[PDB]
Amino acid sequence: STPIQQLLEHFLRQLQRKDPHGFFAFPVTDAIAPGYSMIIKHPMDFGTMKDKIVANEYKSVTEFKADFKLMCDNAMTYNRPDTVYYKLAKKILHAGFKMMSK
């Protein structure tokens, strides 16, 4: 409800439109991605980011952007480059960093 919450909710809504399949909508579990929890130490996803906005855990755009980058970096580390997840992570990271610099 704070100004920062309002702005981050705006960014998050526009970012989620760039992931229409919801590959980033909720945590990647091992049942979806074998061995994921043994490769990725600090998982992140849009659903957790929403939860953190609501809990007022972000105090700046820079902190929100860092979680967004973590989410996309995780996908590029776990997934090979020829996969849809690696490619989407690269594409939305660019979109989001452009959007949060405007």
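The first residue of the shown sequence is 1; numbering continues from there.
The deposited model assigns a higher average Cα B-factor to 6-14 than to the other stretch when 6-14 and 21-29 are compared.
On average the C-alpha atoms of 34-42 have higher B-factors than those of the other stretch, with 61-69 and 34-42 being the two compared.
Sorting the modelled residues of the chain by their CA temperature factor places residue 49 in the lowest third. In the PDB entry, residue 77 places in the middle third of its chain by CA B-factor.
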